[PDB]
$ cat input.cif   # mmCIF, C-alpha atoms and all ligand atoms
data_work
#
loop_
_atom_site.group_PDB
_atom_site.id
_atom_site.type_symbol
_atom_site.label_atom_id
_atom_site.label_comp_id
_atom_site.auth_asym_id
_atom_site.auth_seq_id
_atom_site.Cartn_x
_atom_site.Cartn_y
_atom_site.Cartn_z
ATOM 1 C CA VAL A 1 119.481 138.731 82.456
ATOM 2 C CA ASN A 2 120.115 135.981 84.990
ATOM 3 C CA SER A 3 121.725 132.575 84.913
ATOM 4 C CA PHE A 4 118.679 130.272 85.137
ATOM 5 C CA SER A 5 118.650 127.925 82.111
ATOM 6 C CA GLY A 6 116.154 125.585 80.431
ATOM 7 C CA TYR A 7 113.021 126.939 82.139
ATOM 8 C CA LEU A 8 109.629 127.087 80.468
ATOM 9 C CA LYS A 9 108.022 130.528 80.882
ATOM 10 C CA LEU A 10 104.499 130.284 82.384
ATOM 11 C CA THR A 11 103.803 134.003 82.950
ATOM 12 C CA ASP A 12 105.544 137.372 82.988
ATOM 13 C CA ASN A 13 107.314 136.394 86.228
ATOM 14 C CA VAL A 14 106.955 132.608 86.799
ATOM 15 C CA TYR A 15 109.242 129.990 85.205
ATOM 16 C CA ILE A 16 109.277 126.190 85.672
ATOM 17 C CA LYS A 17 111.765 123.350 85.047
ATOM 18 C CA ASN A 18 111.987 119.625 85.747
ATOM 19 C CA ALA A 19 114.998 119.730 88.041
ATOM 20 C CA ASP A 20 116.386 118.661 91.392
ATOM 21 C CA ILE A 21 116.383 121.889 93.419
ATOM 22 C CA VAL A 22 119.577 120.767 95.185
ATOM 23 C CA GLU A 23 121.441 120.327 91.904
ATOM 24 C CA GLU A 24 119.965 123.531 90.507
ATOM 25 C CA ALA A 25 121.090 125.542 93.542
ATOM 26 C CA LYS A 26 124.587 124.108 93.456
ATOM 27 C CA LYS A 27 124.905 125.154 89.800
ATOM 28 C CA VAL A 28 123.250 128.603 89.818
ATOM 29 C CA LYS A 29 124.180 129.712 93.390
ATOM 30 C CA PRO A 30 121.079 131.942 93.402
ATOM 31 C CA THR A 31 120.673 134.883 95.763
ATOM 32 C CA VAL A 32 117.716 133.051 97.336
ATOM 33 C CA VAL A 33 116.760 129.379 97.474
ATOM 34 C CA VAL A 34 113.399 128.611 99.098
ATOM 35 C CA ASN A 35 113.114 125.727 101.536
ATOM 36 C CA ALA A 36 109.833 123.884 102.092
ATOM 37 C CA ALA A 37 110.158 124.242 105.858
ATOM 38 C CA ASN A 38 108.057 123.303 108.855
ATOM 39 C CA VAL A 39 107.491 125.554 111.868
ATOM 40 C CA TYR A 40 110.242 123.809 113.864
ATOM 41 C CA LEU A 41 112.787 124.002 111.013
ATOM 42 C CA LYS A 42 113.224 120.210 111.398
ATOM 43 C CA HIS A 43 114.539 119.359 107.935
ATOM 44 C CA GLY A 44 113.890 115.643 107.955
ATOM 45 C CA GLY A 45 112.571 114.789 104.514
ATOM 46 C CA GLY A 46 111.174 116.068 101.265
ATOM 47 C CA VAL A 47 112.821 119.180 99.882
ATOM 48 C CA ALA A 48 114.011 120.264 103.343
ATOM 49 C CA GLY A 49 115.805 117.031 104.014
ATOM 50 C CA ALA A 50 117.496 117.146 100.605
ATOM 51 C CA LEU A 51 118.684 120.746 101.006
ATOM 52 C CA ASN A 52 119.927 120.098 104.525
ATOM 53 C CA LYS A 53 121.790 116.937 103.485
ATOM 54 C CA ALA A 54 123.493 118.929 100.722
ATOM 55 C CA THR A 55 124.777 121.381 103.403
ATOM 56 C CA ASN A 56 126.267 118.495 105.433
ATOM 57 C CA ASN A 57 123.704 119.319 108.187
ATOM 58 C CA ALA A 58 124.920 122.920 108.592
ATOM 59 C CA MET A 59 121.418 124.137 107.699
ATOM 60 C CA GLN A 60 119.995 122.095 110.609
ATOM 61 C CA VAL A 61 122.632 123.378 113.058
ATOM 62 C CA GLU A 62 121.881 126.992 112.109
ATOM 63 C CA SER A 63 118.140 126.303 112.250
ATOM 64 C CA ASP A 64 118.284 124.803 115.747
ATOM 65 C CA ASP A 65 120.019 127.942 117.020
ATOM 66 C CA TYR A 66 117.351 130.079 115.280
ATOM 67 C CA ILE A 67 114.501 128.173 116.975
ATOM 68 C CA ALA A 68 116.212 128.209 120.376
ATOM 69 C CA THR A 69 116.375 132.016 120.155
ATOM 70 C CA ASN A 70 113.103 132.844 118.388
ATOM 71 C CA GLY A 71 110.676 129.934 118.810
ATOM 72 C CA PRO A 72 108.747 128.305 115.986
ATOM 73 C CA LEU A 73 107.617 129.983 112.816
ATOM 74 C CA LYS A 74 103.944 130.459 111.930
ATOM 75 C CA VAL A 75 102.281 128.328 109.275
ATOM 76 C CA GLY A 76 102.327 130.699 106.307
ATOM 77 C CA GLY A 77 105.429 132.443 107.670
ATOM 78 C CA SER A 78 109.126 132.471 106.849
ATOM 79 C CA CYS A 79 112.599 133.411 107.968
ATOM 80 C CA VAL A 80 115.798 134.236 106.081
ATOM 81 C CA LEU A 81 118.866 132.217 107.047
ATOM 82 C CA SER A 82 122.132 131.343 105.340
ATOM 83 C CA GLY A 83 122.159 129.580 101.982
ATOM 84 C CA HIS A 84 125.364 127.764 103.008
ATOM 85 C CA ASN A 85 127.014 126.142 99.945
ATOM 86 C CA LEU A 86 123.787 126.340 97.897
ATOM 87 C CA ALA A 87 122.817 130.044 97.686
ATOM 88 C CA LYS A 88 123.522 133.378 99.349
ATOM 89 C CA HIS A 89 120.346 133.049 101.449
ATOM 90 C CA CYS A 90 117.749 130.402 102.216
ATOM 91 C CA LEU A 91 114.180 131.622 102.639
ATOM 92 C CA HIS A 92 112.536 128.996 104.866
ATOM 93 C CA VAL A 93 108.812 129.161 104.046
ATOM 94 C CA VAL A 94 106.139 127.146 105.898
ATOM 95 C CA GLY A 95 103.269 126.081 103.682
ATOM 96 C CA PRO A 96 100.302 124.298 105.262
ATOM 97 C CA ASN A 97 100.752 120.542 105.657
ATOM 98 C CA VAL A 98 97.514 118.840 104.616
ATOM 99 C CA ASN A 99 98.696 115.689 106.392
ATOM 100 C CA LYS A 100 98.512 117.754 109.616
ATOM 101 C CA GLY A 101 95.083 119.248 108.847
ATOM 102 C CA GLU A 102 96.338 122.791 108.242
ATOM 103 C CA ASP A 103 94.171 125.296 106.383
ATOM 104 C CA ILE A 104 94.990 125.325 102.668
ATOM 105 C CA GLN A 105 94.058 129.003 102.502
ATOM 106 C CA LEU A 106 97.333 129.583 104.331
ATOM 107 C CA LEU A 107 99.083 128.643 101.084
ATOM 108 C CA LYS A 108 98.544 132.156 99.690
ATOM 109 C CA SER A 109 100.098 133.712 102.813
ATOM 110 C CA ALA A 110 103.071 131.357 102.422
ATOM 111 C CA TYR A 111 103.692 132.452 98.819
ATOM 112 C CA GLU A 112 103.405 136.149 99.813
ATOM 113 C CA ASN A 113 106.800 135.744 101.510
ATOM 114 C CA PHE A 114 108.343 135.356 98.053
ATOM 115 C CA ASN A 115 107.402 138.972 97.199
ATOM 116 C CA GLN A 116 110.090 140.234 99.591
ATOM 117 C CA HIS A 117 112.782 138.926 97.184
ATOM 118 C CA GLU A 118 113.327 140.073 93.612
ATOM 119 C CA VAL A 119 114.442 136.655 92.298
ATOM 120 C CA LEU A 120 114.113 133.175 93.846
ATOM 121 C CA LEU A 121 114.663 129.496 93.157
ATOM 122 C CA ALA A 122 111.817 127.584 94.772
ATOM 123 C CA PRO A 123 109.805 124.372 95.023
ATOM 124 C CA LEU A 124 106.032 124.300 94.872
ATOM 125 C CA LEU A 125 104.883 125.065 98.401
ATOM 126 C CA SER A 126 102.813 122.433 100.208
ATOM 127 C CA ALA A 127 103.487 119.883 97.422
ATOM 128 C CA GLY A 128 105.154 116.513 97.907
ATOM 129 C CA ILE A 129 104.991 115.209 101.469
ATOM 130 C CA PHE A 130 103.030 118.307 102.559
ATOM 131 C CA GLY A 131 100.030 116.735 100.848
ATOM 132 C CA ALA A 132 98.520 119.548 98.767
ATOM 133 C CA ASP A 133 97.615 119.314 95.101
ATOM 134 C CA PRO A 134 100.646 120.647 93.160
ATOM 135 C CA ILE A 135 98.386 122.000 90.391
ATOM 136 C CA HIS A 136 96.548 124.138 93.011
ATOM 137 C CA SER A 137 99.904 125.172 94.465
ATOM 138 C CA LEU A 138 101.126 126.331 91.040
ATOM 139 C CA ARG A 139 97.898 128.311 90.546
ATOM 140 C CA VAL A 140 98.289 130.072 93.910
ATOM 141 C CA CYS A 141 101.966 130.752 93.115
ATOM 142 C CA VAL A 142 101.128 132.392 89.781
ATOM 143 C CA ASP A 143 98.276 134.395 91.310
ATOM 144 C CA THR A 144 100.280 135.556 94.372
ATOM 145 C CA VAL A 145 103.979 135.950 93.553
ATOM 146 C CA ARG A 146 104.861 139.108 91.636
ATOM 147 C CA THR A 147 108.658 138.780 91.837
ATOM 148 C CA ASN A 148 110.657 136.499 89.535
ATOM 149 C CA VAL A 149 110.334 132.873 90.618
ATOM 150 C CA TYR A 150 112.119 129.863 89.095
ATOM 151 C CA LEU A 151 110.276 126.689 90.112
ATOM 152 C CA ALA A 152 112.082 123.375 90.281
ATOM 153 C CA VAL A 153 109.860 120.291 90.049
ATOM 154 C CA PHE A 154 111.692 117.067 90.890
ATOM 155 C CA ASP A 155 109.243 114.584 89.352
ATOM 156 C CA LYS A 156 109.242 114.543 85.543
ATOM 157 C CA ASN A 157 105.745 113.062 85.406
ATOM 158 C CA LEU A 158 104.447 115.785 87.746
ATOM 159 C CA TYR A 159 106.307 118.472 85.793
ATOM 160 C CA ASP A 160 104.669 117.337 82.547
ATOM 161 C CA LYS A 161 101.231 117.340 84.120
ATOM 162 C CA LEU A 162 101.750 120.762 85.667
ATOM 163 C CA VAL A 163 102.735 122.202 82.261
ATOM 164 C CA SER A 164 100.034 120.377 80.322
ATOM 165 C CA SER A 165 97.253 121.484 82.735
ATOM 166 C CA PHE A 166 98.438 125.082 83.217
ATOM 167 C CA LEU A 167 95.853 127.780 82.228
HETATM 168 O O1 LIG B 201 108.878 116.860 92.577
HETATM 169 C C1 LIG B 201 108.151 116.574 93.468
HETATM 170 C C2 LIG B 201 107.368 115.181 93.623
HETATM 171 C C3 LIG B 201 106.629 115.196 94.750
HETATM 172 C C4 LIG B 201 106.847 116.583 95.451
HETATM 173 N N1 LIG B 201 107.829 117.374 94.519
HETATM 174 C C5 LIG B 201 108.350 118.729 94.763
HETATM 175 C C6 LIG B 201 108.837 118.774 96.219
HETATM 176 S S1 LIG B 201 110.211 117.591 96.463
HETATM 177 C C7 LIG B 201 111.628 118.329 95.581
HETATM 178 N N2 LIG B 201 111.447 119.379 94.792
HETATM 179 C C8 LIG B 201 112.475 119.913 94.147
HETATM 180 N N3 LIG B 201 113.690 119.406 94.292
HETATM 181 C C9 LIG B 201 113.955 118.338 95.095
HETATM 182 N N4 LIG B 201 115.092 117.656 95.401
HETATM 183 C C10 LIG B 201 114.743 116.681 96.255
HETATM 184 N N5 LIG B 201 113.423 116.731 96.490
HETATM 185 C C11 LIG B 201 112.921 117.764 95.766
#
$ encode --input "input.cif" --output "structure tokens"
Amino acid sequence: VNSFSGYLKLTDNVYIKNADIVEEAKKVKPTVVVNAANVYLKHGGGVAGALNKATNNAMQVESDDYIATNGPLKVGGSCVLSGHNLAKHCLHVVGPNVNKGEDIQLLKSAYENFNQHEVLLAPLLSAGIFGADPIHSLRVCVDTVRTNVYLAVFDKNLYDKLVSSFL
């Protein structure tokens, strides 16, 4: 038993809810919240910008130190940093950005990072301003992640379409 509430069950291990991931994190305080990161951990907009704003920019400060020490992430890669006031940990995961021409096959590699954590709160990778089809993203998620994932979908219209088109 865990504290996630109001989710529709899609599979044995994947759950989905129309919710603002920032508000959901603040309420559940999950062990892991996933950020839709870029390789530079520049959290300017989309999910990343919202999460960072909710930390009063502490996520960005921590991220800049991480990059100064380690260099950029790989597309399809991840790193674990603090969850600040939102979660114990934040798993920063880089999905391919279609608006940068990045290979959509890297989406599966991106979701594989979730398997290193037993339970996560997450957005759909590569969705939103990353330009991929969220229905495809949900399919790759279901077919790749084996650990327990609670997906937060901000847009009610998108949420309804994702549910209604799910096989
Ligand atoms: O829902 C949507 C519509 C377009 C893309 N997308 C999911 C990524 S954007 C997001 N996802 C979850 N929680 C949030 N809080 C602020 N932004 C978000």
$ resolve_selection --input "input.cif" --expression "the PyMOL selection byres (((chain A and resi 130) around 12) and not hetatm)" --output "number ranges by chain"
A: 36-38, 45-48, 94-104, 107, 123-129, 131-134, 137
$ residues_around --input "input.cif" --residues "residue 15 (chain A)" --least-positions-apart "4" --cutoff "8 Å" --atoms "all atoms listed in the file" --output "ChimeraX atom specification"
/A:7-11,148-151
$ residues_around --input "input.cif" --residues "residue 163 (chain A)" --least-positions-apart "3" --cutoff "9 Å" --atoms "all atoms listed in the file" --output "list in words"
residues 8, 10, 16, 158, 159, 160, 166 and 167 of chain A
$ resolve_selection --input "input.cif" --expression "the PyMOL selection byres (((chain A and resi 20) around 8) and not hetatm)" --output "number ranges by chain"
A: 18-19, 21-24, 152-154
$ axis_aligned_box --input "input.cif" --around "ligand LIG 201 (chain B)" --padding-each-side "3 Å" --output "AutoDock Vina command-line options"
--center_x 110.9 --center_y 117.5 --center_z 94.5 --size_x 14.5 --size_y 10.7 --size_z 9.9
$ decode --input "input.cif" --residues "region 77-114 of chain A" --atoms "N, CA and C atoms" --output "PDB file, in the first residue's frame"
ATOM      1  N   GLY A  77      19.575   9.347 -20.856  1.00  0.00           N
ATOM      2  CA  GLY A  77      20.174   9.115 -19.561  1.00  0.00           C
ATOM      3  C   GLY A  77      19.467   9.833 -18.424  1.00  0.00           C
ATOM      4  N   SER A  78      20.066   9.744 -17.237  1.00  0.00           N
ATOM      5  CA  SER A  78      19.460  10.282 -16.030  1.00  0.00           C
ATOM      6  C   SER A  78      20.525  10.508 -14.971  1.00  0.00           C
ATOM      7  N   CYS A  79      20.137  11.264 -13.951  1.00  0.00           N
ATOM      8  CA  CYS A  79      20.888  11.343 -12.709  1.00  0.00           C
ATOM      9  C   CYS A  79      19.906  11.521 -11.560  1.00  0.00           C
ATOM     10  N   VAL A  80      20.322  11.094 -10.373  1.00  0.00           N
ATOM     11  CA  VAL A  80      19.538  11.240  -9.153  1.00  0.00           C
ATOM     12  C   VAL A  80      20.089  12.421  -8.375  1.00  0.00           C
ATOM     13  N   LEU A  81      19.230  13.388  -8.082  1.00  0.00           N
ATOM     14  CA  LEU A  81      19.585  14.533  -7.262  1.00  0.00           C
ATOM     15  C   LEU A  81      18.528  14.666  -6.170  1.00  0.00           C
ATOM     16  N   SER A  82      18.641  15.723  -5.376  1.00  0.00           N
ATOM     17  CA  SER A  82      17.686  15.937  -4.300  1.00  0.00           C
ATOM     18  C   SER A  82      16.280  16.186  -4.840  1.00  0.00           C
ATOM     19  N   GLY A  83      15.274  15.770  -4.063  1.00  0.00           N
ATOM     20  CA  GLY A  83      13.898  16.131  -4.336  1.00  0.00           C
ATOM     21  C   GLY A  83      13.471  17.407  -3.665  1.00  0.00           C
ATOM     22  N   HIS A  84      14.364  18.040  -2.905  1.00  0.00           N
ATOM     23  CA  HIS A  84      14.084  19.333  -2.255  1.00  0.00           C
ATOM     24  C   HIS A  84      12.805  19.216  -1.433  1.00  0.00           C
ATOM     25  N   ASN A  85      11.878  20.159  -1.556  1.00  0.00           N
ATOM     26  CA  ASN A  85      10.633  20.183  -0.807  1.00  0.00           C
ATOM     27  C   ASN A  85       9.550  19.333  -1.459  1.00  0.00           C
ATOM     28  N   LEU A  86       9.856  18.644  -2.558  1.00  0.00           N
ATOM     29  CA  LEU A  86       8.839  17.925  -3.324  1.00  0.00           C
ATOM     30  C   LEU A  86       8.853  16.409  -3.146  1.00  0.00           C
ATOM     31  N   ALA A  87       9.996  15.822  -2.812  1.00  0.00           N
ATOM     32  CA  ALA A  87      10.197  14.375  -2.812  1.00  0.00           C
ATOM     33  C   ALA A  87      11.521  14.115  -2.104  1.00  0.00           C
ATOM     34  N   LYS A  88      11.779  12.853  -1.747  1.00  0.00           N
ATOM     35  CA  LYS A  88      13.109  12.529  -1.234  1.00  0.00           C
ATOM     36  C   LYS A  88      14.164  12.790  -2.304  1.00  0.00           C
ATOM     37  N   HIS A  89      13.943  12.249  -3.496  1.00  0.00           N
ATOM     38  CA  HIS A  89      14.860  12.310  -4.623  1.00  0.00           C
ATOM     39  C   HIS A  89      14.138  12.809  -5.866  1.00  0.00           C
ATOM     40  N   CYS A  90      14.885  13.460  -6.751  1.00  0.00           N
ATOM     41  CA  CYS A  90      14.432  13.743  -8.103  1.00  0.00           C
ATOM     42  C   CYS A  90      15.297  12.962  -9.080  1.00  0.00           C
ATOM     43  N   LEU A  91      14.657  12.107  -9.873  1.00  0.00           N
ATOM     44  CA  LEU A  91      15.309  11.439 -10.989  1.00  0.00           C
ATOM     45  C   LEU A  91      15.136  12.312 -12.228  1.00  0.00           C
ATOM     46  N   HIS A  92      16.216  12.974 -12.638  1.00  0.00           N
ATOM     47  CA  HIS A  92      16.220  13.799 -13.845  1.00  0.00           C
ATOM     48  C   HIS A  92      16.459  12.888 -15.036  1.00  0.00           C
ATOM     49  N   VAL A  93      15.460  12.743 -15.901  1.00  0.00           N
ATOM     50  CA  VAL A  93      15.525  11.833 -17.043  1.00  0.00           C
ATOM     51  C   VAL A  93      15.411  12.645 -18.323  1.00  0.00           C
ATOM     52  N   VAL A  94      16.318  12.413 -19.271  1.00  0.00           N
ATOM     53  CA  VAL A  94      16.347  13.125 -20.549  1.00  0.00           C
ATOM     54  C   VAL A  94      15.687  12.242 -21.598  1.00  0.00           C
ATOM     55  N   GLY A  95      14.456  12.568 -21.982  1.00  0.00           N
ATOM     56  CA  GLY A  95      13.874  11.995 -23.174  1.00  0.00           C
ATOM     57  C   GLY A  95      14.325  12.770 -24.405  1.00  0.00           C
ATOM     58  N   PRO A  96      14.237  12.147 -25.578  1.00  0.00           N
ATOM     59  CA  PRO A  96      14.543  12.870 -26.815  1.00  0.00           C
ATOM     60  C   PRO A  96      13.581  14.029 -27.051  1.00  0.00           C
ATOM     61  N   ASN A  97      14.122  15.147 -27.506  1.00  0.00           N
ATOM     62  CA  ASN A  97      13.329  16.322 -27.853  1.00  0.00           C
ATOM     63  C   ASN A  97      13.159  16.323 -29.368  1.00  0.00           C
ATOM     64  N   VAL A  98      11.934  16.046 -29.820  1.00  0.00           N
ATOM     65  CA  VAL A  98      11.653  16.019 -31.254  1.00  0.00           C
ATOM     66  C   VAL A  98      11.905  17.383 -31.882  1.00  0.00           C
ATOM     67  N   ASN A  99      11.679  18.457 -31.129  1.00  0.00           N
ATOM     68  CA  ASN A  99      11.949  19.793 -31.643  1.00  0.00           C
ATOM     69  C   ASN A  99      13.444  20.104 -31.730  1.00  0.00           C
ATOM     70  N   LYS A 100      14.312  19.166 -31.334  1.00  0.00           N
ATOM     71  CA  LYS A 100      15.741  19.234 -31.617  1.00  0.00           C
ATOM     72  C   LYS A 100      16.201  18.150 -32.585  1.00  0.00           C
ATOM     73  N   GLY A 101      15.288  17.334 -33.109  1.00  0.00           N
ATOM     74  CA  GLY A 101      15.652  16.305 -34.065  1.00  0.00           C
ATOM     75  C   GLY A 101      16.218  15.035 -33.470  1.00  0.00           C
ATOM     76  N   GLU A 102      15.988  14.784 -32.185  1.00  0.00           N
ATOM     77  CA  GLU A 102      16.595  13.644 -31.512  1.00  0.00           C
ATOM     78  C   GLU A 102      15.793  12.364 -31.753  1.00  0.00           C
ATOM     79  N   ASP A 103      16.507  11.240 -31.777  1.00  0.00           N
ATOM     80  CA  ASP A 103      15.948   9.974 -32.245  1.00  0.00           C
ATOM     81  C   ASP A 103      14.918   9.456 -31.248  1.00  0.00           C
ATOM     82  N   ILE A 104      13.684   9.253 -31.722  1.00  0.00           N
ATOM     83  CA  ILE A 104      12.592   8.867 -30.836  1.00  0.00           C
ATOM     84  C   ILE A 104      12.820   7.494 -30.239  1.00  0.00           C
ATOM     85  N   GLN A 105      13.633   6.655 -30.889  1.00  0.00           N
ATOM     86  CA  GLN A 105      13.980   5.371 -30.307  1.00  0.00           C
ATOM     87  C   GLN A 105      14.670   5.567 -28.971  1.00  0.00           C
ATOM     88  N   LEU A 106      15.254   6.755 -28.719  1.00  0.00           N
ATOM     89  CA  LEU A 106      15.900   6.920 -27.422  1.00  0.00           C
ATOM     90  C   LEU A 106      14.876   7.018 -26.303  1.00  0.00           C
ATOM     91  N   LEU A 107      13.585   7.096 -26.637  1.00  0.00           N
ATOM     92  CA  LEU A 107      12.568   7.174 -25.601  1.00  0.00           C
ATOM     93  C   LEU A 107      12.552   5.913 -24.740  1.00  0.00           C
ATOM     94  N   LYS A 108      12.749   4.737 -25.349  1.00  0.00           N
ATOM     95  CA  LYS A 108      12.774   3.507 -24.558  1.00  0.00           C
ATOM     96  C   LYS A 108      13.933   3.531 -23.563  1.00  0.00           C
ATOM     97  N   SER A 109      15.126   3.928 -24.022  1.00  0.00           N
ATOM     98  CA  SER A 109      16.270   4.039 -23.114  1.00  0.00           C
ATOM     99  C   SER A 109      15.968   4.988 -21.958  1.00  0.00           C
ATOM    100  N   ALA A 110      15.288   6.098 -22.243  1.00  0.00           N
ATOM    101  CA  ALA A 110      14.943   7.055 -21.195  1.00  0.00           C
ATOM    102  C   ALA A 110      14.059   6.399 -20.133  1.00  0.00           C
ATOM    103  N   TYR A 111      13.016   5.675 -20.563  1.00  0.00           N
ATOM    104  CA  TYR A 111      12.135   5.025 -19.594  1.00  0.00           C
ATOM    105  C   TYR A 111      12.834   3.907 -18.821  1.00  0.00           C
ATOM    106  N   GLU A 112      13.876   3.280 -19.393  1.00  0.00           N
ATOM    107  CA  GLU A 112      14.587   2.219 -18.673  1.00  0.00           C
ATOM    108  C   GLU A 112      15.157   2.736 -17.356  1.00  0.00           C
ATOM    109  N   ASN A 113      15.467   4.035 -17.273  1.00  0.00           N
ATOM    110  CA  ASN A 113      15.975   4.583 -16.018  1.00  0.00           C
ATOM    111  C   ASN A 113      14.978   4.392 -14.884  1.00  0.00           C
ATOM    112  N   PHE A 114      13.683   4.357 -15.200  1.00  0.00           N
ATOM    113  CA  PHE A 114      12.682   4.215 -14.145  1.00  0.00           C
ATOM    114  C   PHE A 114      12.811   2.864 -13.432  1.00  0.00           C
TER     115      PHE A 114
END
